[PDB]
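Written out below as structure tokens is the structure these notes cover.
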Amino acid sequence: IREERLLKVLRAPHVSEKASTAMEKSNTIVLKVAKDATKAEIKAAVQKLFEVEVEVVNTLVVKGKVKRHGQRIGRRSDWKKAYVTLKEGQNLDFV
Amino acid sequence: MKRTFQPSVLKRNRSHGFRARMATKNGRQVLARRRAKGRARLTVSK
Amino acid sequence: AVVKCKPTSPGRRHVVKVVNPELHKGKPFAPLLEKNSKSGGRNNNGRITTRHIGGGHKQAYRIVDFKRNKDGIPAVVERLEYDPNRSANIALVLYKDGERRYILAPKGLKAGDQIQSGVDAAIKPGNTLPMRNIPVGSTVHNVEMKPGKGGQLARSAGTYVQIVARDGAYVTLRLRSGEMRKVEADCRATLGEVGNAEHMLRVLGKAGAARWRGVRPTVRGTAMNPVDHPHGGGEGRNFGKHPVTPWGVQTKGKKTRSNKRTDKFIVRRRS
RNA sequence: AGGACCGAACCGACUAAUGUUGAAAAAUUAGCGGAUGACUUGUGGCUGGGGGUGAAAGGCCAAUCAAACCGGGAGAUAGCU
RNA sequence: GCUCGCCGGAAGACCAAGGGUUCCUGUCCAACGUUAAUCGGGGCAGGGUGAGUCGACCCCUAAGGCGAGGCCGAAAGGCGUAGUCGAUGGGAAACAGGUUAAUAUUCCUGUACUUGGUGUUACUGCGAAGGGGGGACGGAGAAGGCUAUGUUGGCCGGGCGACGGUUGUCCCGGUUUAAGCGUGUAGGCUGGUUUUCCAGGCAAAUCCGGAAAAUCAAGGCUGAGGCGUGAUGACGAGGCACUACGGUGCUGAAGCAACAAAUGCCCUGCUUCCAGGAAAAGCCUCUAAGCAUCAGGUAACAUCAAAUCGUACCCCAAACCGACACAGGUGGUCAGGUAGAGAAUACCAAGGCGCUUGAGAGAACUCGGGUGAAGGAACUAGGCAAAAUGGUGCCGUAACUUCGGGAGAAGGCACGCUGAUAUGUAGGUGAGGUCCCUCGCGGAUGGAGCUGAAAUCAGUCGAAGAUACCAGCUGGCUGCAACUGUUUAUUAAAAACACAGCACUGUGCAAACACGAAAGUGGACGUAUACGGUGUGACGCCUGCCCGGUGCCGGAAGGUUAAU
């Protein structure tokens, strides 16, 4: 793979109680990634950018909720969530 | 009792879906009329 | 074995069924089978072009050889089978070289019978040959109307054709309908008759039976409304007109045959 | 063996009452007919209005049918109110 | 929180469809919720859907669709060939336990499995869009083998109990454990093996089919379940510690046996019937073009890959279809106890609910019921509705009949409990032992335990023993229709329609006919014992007269007549 694509994959750390739970207990981190990225590219991109060892990447797609602002009905955008399993010898960095 | 609309997606889309219209002269005329009235959605699509 | 039923239920009463004990119980010969779909009597416009058809049990097309063109090579009769596609029974026969074909099962045929086809063949039932080599007056079935095309005439159970004349290129046949027709002598035919001639005896006894055979109910015209039929409603039971088909053409006696092509062949009408 | 018998699911609709600005634009309750077959039901397909389809009642074709629905001719015509 | 009550072949649990966030938490109460609402499927904010092995995708086709060329058609367009799509069908593989406020066959623990890619090694004739097998198929029936599952006993933990009695033949609870891997049983199917020839399988074939010898009798294929392992593991009543009283952590007994038993599996089997019961790919083999120490194939070990999308929640419904939080409608799956023929019914279990206005009063009248003196259809269009009948066994049963029926005709008799025959019988299952063995999931003997009808005799209670729910009213005469069916969705279910059968008539195959300006298609891959049309409508007895009228069929002599 090209690195240029990589740096475009990973949007953001996902923060929540489930997230923290897996991160502590099972050694796993949770990411909002570009809607189109795949398990290959996420494995690559973490292993590259955080420089730590990925075991496997499980993913899902979150359908955005439907909202009302001032009677108007909008739709929050979709996105993709990735549970990323780290091989155990790793210990977390948050930058 | 059993009413008239028993929904199905595959049915809905084969009957009225975009491609189904585009198949024929008449259908493309429908899609012409709609584009001319300026609808929000032409056909039934998800 | 044509047999009546003891009436254990009103339906079973009039039923006459024809049990041929000699028939093969168990599956046909697969490599000789085809897929067949029922049309509901409906053409490629989906309209009903022929009424009263549909339902019926599912059937598989047995591929029956009407050309009988594998020549001068003896073949022996392995077994008799039931063909759902037609009135008559059929035979599964084995040519010496290792080929099997289905044929129409003629009378006098049973497991073990040697038969054969070609110009040279002996005259005994179940043998086929071009007709100038057939004794005049002899009885035959599965007759072609054009050389090499395959059999068309007398394929039904018990039917047959008598050969009444040989003149030049044209033999004259007495057709089963009673009508004298010329056919060119170079068309192969098959000796004897079609078997299971007792097919016509069997009685259905109950509407359900007819419905298995793919036949749907038939509404008498004069029962319908004046819009649906020419025979039309009336108050109570009323007729008033000469009988016609649903499209208005006169029935009960009107000759509908029109061809000027095939005329030179037909000697005389049936009567 | 059976368009066999008794009988639940299942399919149907014979009577009675209630309901009739309904709990329901065709139901409910109590009984009633078929219930291994001409049965019943799921998914998909086919037949289109001077047509379909009809075990035929002019029934049925989107709660509209002795000729559907929608847009057009169209401001049809109306010695009638 | 406690009692009460309803559903339990559902008012429970899981899906598909359809919906699309309704899921879970916090927070709020205007509107929404037929009342209040602190509550909600309402408002606002946050969280939530984790897959090589579950689905979709994908591979393969059905009906049907589109359809290069092609045929046809004023134009648009119609039909269809090669193709290419199209699941409701065929196609590789994962299980038990643990965990969240909300996902889990996906996460975690353990234990596996499949298909591909590269690699090595050993061996090696590999190659297809062509060939052949396989895939691959109906209804009905039968009943033998089992399992899910349940009941009792043994076992283990606890219990001596608000009121007489309860250290016992007593009471309560648990007695759970999968895929996989090894084994090869009840059963089903089939002769086997070797050699020579034949060209039928569009060309080729060592494979299929055909023929001929030779030879052997066991051989192969299939197969539920059991047993073993999986598992010193898990789960496990409970107990011991702490607790924000919501839970967390540790510890952890027994964990067997007999019997009954499916509608599930063996079984796509077996027996029988006629109405004669999909296609294609993966899959196995044969070779043609070809390629030959290359390539490619076979096995073991290593190694990598298995992409993407769906996954929350509702689905007998307050979330789908009905304008509503609507007494309606919606396919598939699971199927506990006692009674019972039963998935009916009545009462309960697991589990879910009390149907989103109450509170009084206890008139007329309406609705849904219960009971009734004496009479018993006198009611009324009409016994409409109500009542009554109602079960199992045995006895009994008419005219008439197409000999089957009618018939459940009608009518009647016994029916509870307890004891004995027998401290539980007839049967059903079949342990221990002994013998045999081609030694095993074997055979015979064997009868402990376990289960368990029915009857007879004797006694006993009650007005009543088929005590409830449940569960035929019957008979006599006659119209019509033979019969089962079908019909006016939403006032008509019939005597109407269909019907098996009967008759007429058309039609020689490029069939009549039907749909199409045409091509084409149905009729039919049928062929006069076939096909269409009309009438009649089982069966039984029969179907009489009339050709003047209209019609149809035959005739060509004359008379008459169109274009030219």
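Within each chain, counting starts at residue 1; across the structure tokens, chains are named A, B, ... in the order shown, with ligands numbered 1 upward in that order.
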Quiz item: Given a cut-off of 12 Å, which residues of chain B touch chain D, counting only C-alpha atoms (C1' of nucleotides), written out as a VMD selection string?
Solution: chain B and resid 1 to 6 8 10 to 11 14 30 33
Exercise. Please provide the set of residues having any atom within 12 Å of residue 25 (chain A), restricted to only C-alpha atoms (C1' of nucleotides), with same-chain residues fewer than 2 positions apart removed, written as a PyMOL selection string.
Key: (chain A and resi 17-23+27-29+85-86+88) or (chain E and resi 99+107-108)
Output for the residues just chosen: N, CA, C and O atoms (P, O5', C5', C4', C3', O3' and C1' of nucleotides) as a PDB file, in the first residue's frame:
ATOM      1  N   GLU A  17     -17.556   4.459  27.298  1.00  0.00           N
ATOM      2  CA  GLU A  17     -17.343   3.505  28.365  1.00  0.00           C
ATOM      3  C   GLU A  17     -16.994   2.124  27.821  1.00  0.00           C
ATOM      4  O   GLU A  17     -16.113   1.439  28.355  1.00  0.00           O
ATOM      5  N   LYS A  18     -17.695   1.716  26.769  1.00  0.00           N
ATOM      6  CA  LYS A  18     -17.372   0.470  26.095  1.00  0.00           C
ATOM      7  C   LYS A  18     -15.907   0.505  25.666  1.00  0.00           C
ATOM      8  O   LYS A  18     -15.127  -0.412  25.969  1.00  0.00           O
ATOM      9  N   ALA A  19     -15.539   1.597  24.997  1.00  0.00           N
ATOM     10  CA  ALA A  19     -14.179   1.799  24.518  1.00  0.00           C
ATOM     11  C   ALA A  19     -13.156   1.576  25.624  1.00  0.00           C
ATOM     12  O   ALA A  19     -12.267   0.724  25.509  1.00  0.00           O
ATOM     13  N   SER A  20     -13.312   2.332  26.705  1.00  0.00           N
ATOM     14  CA  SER A  20     -12.393   2.261  27.827  1.00  0.00           C
ATOM     15  C   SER A  20     -12.316   0.836  28.349  1.00  0.00           C
ATOM     16  O   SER A  20     -11.235   0.337  28.656  1.00  0.00           O
ATOM     17  N   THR A  21     -13.475   0.189  28.415  1.00  0.00           N
ATOM     18  CA  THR A  21     -13.579  -1.172  28.914  1.00  0.00           C
ATOM     19  C   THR A  21     -12.699  -2.134  28.156  1.00  0.00           C
ATOM     20  O   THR A  21     -11.928  -2.889  28.753  1.00  0.00           O
ATOM     21  N   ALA A  22     -12.837  -2.121  26.832  1.00  0.00           N
ATOM     22  CA  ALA A  22     -12.041  -3.024  26.002  1.00  0.00           C
ATOM     23  C   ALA A  22     -10.570  -2.646  26.070  1.00  0.00           C
ATOM     24  O   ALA A  22      -9.708  -3.522  26.115  1.00  0.00           O
ATOM     25  N   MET A  23     -10.288  -1.343  26.091  1.00  0.00           N
ATOM     26  CA  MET A  23      -8.903  -0.870  26.110  1.00  0.00           C
ATOM     27  C   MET A  23      -8.151  -1.358  27.346  1.00  0.00           C
ATOM     28  O   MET A  23      -6.991  -1.778  27.266  1.00  0.00           O
ATOM     29  N   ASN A  27      -7.137  -5.193  25.959  1.00  0.00           N
ATOM     30  CA  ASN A  27      -6.054  -4.542  25.196  1.00  0.00           C
ATOM     31  C   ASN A  27      -6.439  -4.156  23.740  1.00  0.00           C
ATOM     32  O   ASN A  27      -5.773  -4.562  22.779  1.00  0.00           O
ATOM     33  N   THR A  28      -7.516  -3.375  23.597  1.00  0.00           N
ATOM     34  CA  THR A  28      -8.098  -3.001  22.292  1.00  0.00           C
ATOM     35  C   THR A  28      -8.529  -1.523  22.189  1.00  0.00           C
ATOM     36  O   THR A  28      -9.137  -0.987  23.109  1.00  0.00           O
ATOM     37  N   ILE A  29      -8.259  -0.880  21.053  1.00  0.00           N
ATOM     38  CA  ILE A  29      -8.593   0.536  20.894  1.00  0.00           C
ATOM     39  C   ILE A  29      -9.697   0.741  19.869  1.00  0.00           C
ATOM     40  O   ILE A  29      -9.925  -0.107  19.016  1.00  0.00           O
ATOM     41  N   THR A  85      -7.465  -4.734  17.791  1.00  0.00           N
ATOM     42  CA  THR A  85      -6.839  -5.591  18.770  1.00  0.00           C
ATOM     43  C   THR A  85      -5.328  -5.480  18.707  1.00  0.00           C
ATOM     44  O   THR A  85      -4.718  -5.713  17.667  1.00  0.00           O
ATOM     45  N   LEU A  86      -4.726  -5.113  19.826  1.00  0.00           N
ATOM     46  CA  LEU A  86      -3.285  -5.005  19.891  1.00  0.00           C
ATOM     47  C   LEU A  86      -2.679  -6.262  20.459  1.00  0.00           C
ATOM     48  O   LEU A  86      -3.236  -6.858  21.377  1.00  0.00           O
ATOM     49  N   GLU A  88      -0.590  -8.089  22.726  1.00  0.00           N
ATOM     50  CA  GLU A  88      -0.340  -7.810  24.123  1.00  0.00           C
ATOM     51  C   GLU A  88       0.929  -7.058  24.633  1.00  0.00           C
ATOM     52  O   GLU A  88       0.876  -6.437  25.689  1.00  0.00           O
TER      53      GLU A  88
ATOM     54  P     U E  99     -21.326 -14.800  33.445  1.00  0.00           P
ATOM     55  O5'   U E  99     -20.856 -13.483  32.662  1.00  0.00           O
ATOM     56  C5'   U E  99     -19.855 -12.628  33.208  1.00  0.00           C
ATOM     57  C4'   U E  99     -19.304 -11.625  32.211  1.00  0.00           C
ATOM     58  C3'   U E  99     -20.215 -10.474  31.811  1.00  0.00           C
ATOM     59  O3'   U E  99     -20.276  -9.454  32.792  1.00  0.00           O
ATOM     60  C1'   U E  99     -19.158 -11.346  29.887  1.00  0.00           C
ATOM     61  P     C E 107     -14.746 -12.250  17.365  1.00  0.00           P
ATOM     62  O5'   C E 107     -14.958 -11.442  18.727  1.00  0.00           O
ATOM     63  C5'   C E 107     -14.420 -10.134  18.908  1.00  0.00           C
ATOM     64  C4'   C E 107     -14.540  -9.672  20.344  1.00  0.00           C
ATOM     65  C3'   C E 107     -13.906 -10.580  21.383  1.00  0.00           C
ATOM     66  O3'   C E 107     -12.522 -10.323  21.529  1.00  0.00           O
ATOM     67  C1'   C E 107     -16.096 -10.006  22.070  1.00  0.00           C
ATOM     68  P     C E 108     -11.449 -11.481  21.260  1.00  0.00           P
ATOM     69  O5'   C E 108     -11.354 -12.237  22.660  1.00  0.00           O
ATOM     70  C5'   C E 108     -10.958 -11.534  23.830  1.00  0.00           C
ATOM     71  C4'   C E 108     -11.398 -12.228  25.097  1.00  0.00           C
ATOM     72  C3'   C E 108     -11.005 -13.690  25.239  1.00  0.00           C
ATOM     73  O3'   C E 108      -9.668 -13.846  25.691  1.00  0.00           O
ATOM     74  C1'   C E 108     -13.280 -13.383  25.880  1.00  0.00           C
TER      75        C E 108
END
So that I can check the surroundings of residue 499 (chain E), please list as a PDB file with C-alpha atoms (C1' of nucleotides), in the first residue's frame every protein, DNA and RNA residue that reaches within 12 Å of it, counting only C-alpha atoms (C1' of nucleotides) and ignoring chain neighbours fewer than 2 positions away.
ATOM      1  CA  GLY C  11     -66.113 -40.925  -6.593  1.00  0.00           C
ATOM      2  CA  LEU C 204     -62.162 -41.089 -15.020  1.00  0.00           C
ATOM      3  CA  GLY C 205     -65.212 -41.263 -12.783  1.00  0.00           C
ATOM      4  CA  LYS C 206     -64.676 -37.959 -11.014  1.00  0.00           C
ATOM      5  CA  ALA C 207     -63.847 -34.389 -11.968  1.00  0.00           C
ATOM      6  CA  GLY C 208     -60.634 -34.516  -9.957  1.00  0.00           C
ATOM      7  CA  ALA C 209     -59.183 -37.117 -12.319  1.00  0.00           C
ATOM      8  CA  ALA C 210     -59.668 -34.837 -15.361  1.00  0.00           C
ATOM      9  CA  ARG C 211     -58.089 -32.067 -13.347  1.00  0.00           C
ATOM     10  CA  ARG C 216     -59.581 -27.218 -16.424  1.00  0.00           C
ATOM     11  CA  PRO C 217     -63.416 -26.815 -16.278  1.00  0.00           C
ATOM     12  CA  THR C 218     -65.479 -25.829 -19.307  1.00  0.00           C
ATOM     13  CA  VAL C 219     -68.151 -23.230 -19.058  1.00  0.00           C
TER      14      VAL C 219
ATOM     15  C1'   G D   3     -62.375 -35.597  -4.504  1.00  0.00           C
ATOM     16  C1'   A D  38     -61.007 -30.086  -8.084  1.00  0.00           C
ATOM     17  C1'   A D  55     -66.092 -24.160 -11.792  1.00  0.00           C
TER      18        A D  55
ATOM     19  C1'   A E 482     -76.432 -37.737  -8.536  1.00  0.00           C
ATOM     20  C1'   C E 483     -72.291 -37.331  -5.564  1.00  0.00           C
ATOM     21  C1'   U E 484     -66.856 -33.966  -3.066  1.00  0.00           C
ATOM     22  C1'   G E 485     -66.528 -29.313  -5.093  1.00  0.00           C
ATOM     23  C1'   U E 486     -67.465 -23.586  -7.221  1.00  0.00           C
ATOM     24  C1'   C E 497     -71.907 -23.146 -12.095  1.00  0.00           C
ATOM     25  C1'   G E 501     -70.223 -39.659 -18.542  1.00  0.00           C
ATOM     26  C1'   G E 537     -75.118 -33.702 -17.495  1.00  0.00           C
ATOM     27  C1'   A E 538     -73.753 -39.945 -12.612  1.00  0.00           C
TER      28        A E 538
END
Exercise. Just the residues within 9 Å of region 226-240 of chain E, please, counting only C-alpha atoms (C1' of nucleotides), with nothing from its chain fewer than 2 positions along; format it as a PyMOL selection string.
Key: chain E and resi 96-97+110-111+157-158+173-174+176-177+180-183+185+250-253+255+441
Practice problem: Pick out the chain A residues within 8 Å of chain E. Count only C-alpha atoms (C1' of nucleotides). Give them as an MDAnalysis selection string. | Solution: chainID A and resid 16 26 58:60 62 65 82:83
Residues just named, written with C-alpha atoms as a compact mmCIF listing (two decimals), in the first residue's frame:
# COMPACT_ATOMS: atom_id res chain seq x y z
CA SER A 16 -16.91 5.99 25.58
CA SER A 26 -8.87 -6.88 26.40
CA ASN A 58 -13.12 -5.86 13.58
CA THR A 59 -15.45 -3.24 12.15
CA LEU A 60 -18.97 -1.99 11.98
CA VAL A 62 -22.88 3.30 12.51
CA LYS A 65 -29.27 9.32 14.04
CA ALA A 82 -13.15 -0.15 14.23
CA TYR A 83 -12.22 -2.35 17.19
Quiz prompt | Distance filter 7 Å, only C-alpha atoms (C1' of nucleotides), chain E against chain C, as a PyMOL selection string | solution = chain E and resi 198+200+209-210+275-277+404+483+498-500+504-506+512+514-515+521-523+527-530+533-534+551-553
Practice problem: Please run DSSP on the backbone and report, as a list in words, all residues within chain B that come out as helix (DSSP H, G or I). | Solution: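 Checking each residue of chain B, the helix (DSSP H, G or I) ones are residues 9, 10, 11, 12, 13, 14, 15, 16, 18, 19, 20, 21, 22, 25, 26, 27, 28, 29, 30, 31, 32, 33, 34, 35, 36 and 37 of chain B.
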Could you save the residues just selected, with C-alpha atoms, as a short mmCIF file (atom, residue, chain, number, x, y, z; two decimals), in the first residue's frame?
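Writing done, so here's again.cif:
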data_model
loop_
_atom_site.label_atom_id
_atom_site.label_comp_id
_atom_site.auth_asym_id
_atom_site.auth_seq_id
_atom_site.Cartn_x
_atom_site.Cartn_y
_atom_site.Cartn_z
CA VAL B 9 -39.06 -4.05 -1.35
CA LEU B 10 -37.98 -6.24 -4.21
CA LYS B 11 -41.45 -5.89 -5.70
CA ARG B 12 -41.49 -2.13 -5.18
CA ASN B 13 -38.16 -1.70 -6.91
CA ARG B 14 -38.70 -3.99 -9.84
CA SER B 15 -42.01 -2.32 -10.56
CA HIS B 16 -41.32 1.37 -9.98
CA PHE B 18 -35.29 3.88 -11.34
CA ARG B 19 -33.92 1.21 -13.65
CA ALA B 20 -37.34 -0.14 -14.31
CA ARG B 21 -38.41 3.27 -15.63
CA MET B 22 -35.27 3.80 -17.68
CA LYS B 25 -39.58 4.95 -23.77
CA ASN B 26 -42.58 5.60 -21.55
CA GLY B 27 -40.55 5.41 -18.37
CA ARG B 28 -38.00 7.88 -19.55
CA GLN B 29 -40.97 10.16 -20.36
CA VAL B 30 -42.13 9.81 -16.75
CA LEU B 31 -38.65 10.74 -15.60
CA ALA B 32 -38.77 13.63 -18.05
CA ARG B 33 -42.07 14.92 -16.63
CA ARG B 34 -40.78 14.62 -13.10
CA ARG B 35 -37.52 16.37 -13.80
CA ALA B 36 -39.65 19.09 -15.44
CA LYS B 37 -41.95 19.50 -12.44
#
Self-check item: Residue contacts of residue 76 (chain A) (10 Å, only C-alpha atoms (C1' of nucleotides)) excluding same-chain residues fewer than 3 positions away, as an MDAnalysis selection string
Solution: chainID A and resid 63:67 79
Kindly export the residues of the current selection with N, CA, C and O atoms, as an mmCIF file, in the first residue's frame.
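What landed in result-v2.cif:
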data_model
loop_
_atom_site.group_PDB
_atom_site.id
_atom_site.type_symbol
_atom_site.label_atom_id
_atom_site.label_comp_id
_atom_site.auth_asym_id
_atom_site.auth_seq_id
_atom_site.Cartn_x
_atom_site.Cartn_y
_atom_site.Cartn_z
ATOM 1 N N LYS A 63 -25.018 3.931 11.568
ATOM 2 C CA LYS A 63 -25.960 4.820 10.892
ATOM 3 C C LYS A 63 -26.205 5.998 11.803
ATOM 4 O O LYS A 63 -26.559 5.820 12.970
ATOM 5 N N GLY A 64 -26.000 7.202 11.278
ATOM 6 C CA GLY A 64 -26.219 8.414 12.045
ATOM 7 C C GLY A 64 -27.666 8.530 12.466
ATOM 8 O O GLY A 64 -28.558 7.999 11.803
ATOM 9 N N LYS A 65 -27.909 9.214 13.572
ATOM 10 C CA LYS A 65 -29.271 9.321 14.036
ATOM 11 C C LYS A 65 -30.032 10.296 13.157
ATOM 12 O O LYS A 65 -29.449 10.927 12.276
ATOM 13 N N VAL A 66 -31.332 10.425 13.402
ATOM 14 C CA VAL A 66 -32.151 11.420 12.714
ATOM 15 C C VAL A 66 -32.527 12.515 13.703
ATOM 16 O O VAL A 66 -33.000 12.223 14.797
ATOM 17 N N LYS A 67 -32.316 13.775 13.345
ATOM 18 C CA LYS A 67 -32.538 14.835 14.317
ATOM 19 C C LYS A 67 -33.525 15.858 13.831
ATOM 20 O O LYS A 67 -33.866 15.905 12.650
ATOM 21 N N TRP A 79 -20.995 6.626 9.668
ATOM 22 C CA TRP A 79 -19.548 6.492 9.806
ATOM 23 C C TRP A 79 -19.126 5.096 10.198
ATOM 24 O O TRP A 79 -19.962 4.258 10.496
#
Exercise. Quick one: pull the distance between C1' of residue 355 (chain E) and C1' of residue 39 (chain E), Å, one decimal.
Key: 17.9 Å
Practice problem: Extract, using only C-alpha atoms (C1' of nucleotides), all DNA, RNA and protein residues at most 12 Å from residue 173 (chain C), discarding same-chain residues fewer than 4 positions from it, and format them as a ChimeraX atom specification. | Solution: /C:131,136-141,143-145,153-154,160-167,177-185,189,265-268 /E:508
Exercise. Write out as number ranges by chain the residues lying within 10 Å of residue 90 (chain A), counting only C-alpha atoms (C1' of nucleotides) and excluding same-chain residues fewer than 6 positions away.
Key: A: 27, 51-54
Can you spit out the residues from that selection as a CSV table (one decimal), in the first residue's frame, using C-alpha atoms?
chain,number,residue,atom,x,y,z
A,27,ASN,CA,-6.1,-4.5,25.2
A,51,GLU,CA,4.1,1.9,15.2
A,52,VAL,CA,2.6,-0.9,17.4
A,53,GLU,CA,1.4,-4.4,16.6
A,54,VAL,CA,-2.1,-5.0,15.5
Quiz prompt | Filtered DSSP result for region 23-53 of chain A, state strand (DSSP E or B), as a VMD selection string | solution = chain A and resid 28 to 33
Practice problem: Take CA of residue 148 (chain C) and CA of residue 130 (chain C) and report the distance between them in Å, one decimal. | Solution: 9.9 Å
Contact check, chain D to chain C, at most 10 Å, counting only C-alpha atoms (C1' of nucleotides), closest pairs as JSON lines:
{"residue": "D:1", "atom": "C1'", "partner": "C:8", "partner_atom": "CA", "distance": 8.7}
{"residue": "D:2", "atom": "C1'", "partner": "C:9", "partner_atom": "CA", "distance": 6.4}
{"residue": "D:3", "atom": "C1'", "partner": "C:208", "partner_atom": "CA", "distance": 5.8}
{"residue": "D:4", "atom": "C1'", "partner": "C:9", "partner_atom": "CA", "distance": 5.5}
{"residue": "D:37", "atom": "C1'", "partner": "C:208", "partner_atom": "CA", "distance": 9.1}
{"residue": "D:38", "atom": "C1'", "partner": "C:208", "partner_atom": "CA", "distance": 4.8}
{"residue": "D:46", "atom": "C1'", "partner": "C:46", "partner_atom": "CA", "distance": 6.1}
{"residue": "D:47", "atom": "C1'", "partner": "C:46", "partner_atom": "CA", "distance": 5.0}
{"residue": "D:52", "atom": "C1'", "partner": "C:47", "partner_atom": "CA", "distance": 8.3}
{"residue": "D:53", "atom": "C1'", "partner": "C:48", "partner_atom": "CA", "distance": 9.7}
{"residue": "D:54", "atom": "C1'", "partner": "C:219", "partner_atom": "CA", "distance": 9.8}
{"residue": "D:55", "atom": "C1'", "partner": "C:217", "partner_atom": "CA", "distance": 5.9}
{"residue": "D:56", "atom": "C1'", "partner": "C:224", "partner_atom": "CA", "distance": 5.0}
{"residue": "D:57", "atom": "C1'", "partner": "C:224", "partner_atom": "CA", "distance": 9.8}
{"residue": "D:58", "atom": "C1'", "partner": "C:225", "partner_atom": "CA", "distance": 6.8}
{"residue": "D:66", "atom": "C1'", "partner": "C:227", "partner_atom": "CA", "distance": 9.0}
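Taking CA of residue 123 (chain C) as the reference point, CA of residue 192 (chain C) is found at 9.7 Å.
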Quiz item: Between E:489, E:244, E:379, E:557, which is the closest to chain B once you count only C-alpha atoms (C1' of nucleotides)?
Solution: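 Of E:489, E:244, E:379, E:557, the one nearest chain B is E:489, counting only C-alpha atoms (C1' of nucleotides).
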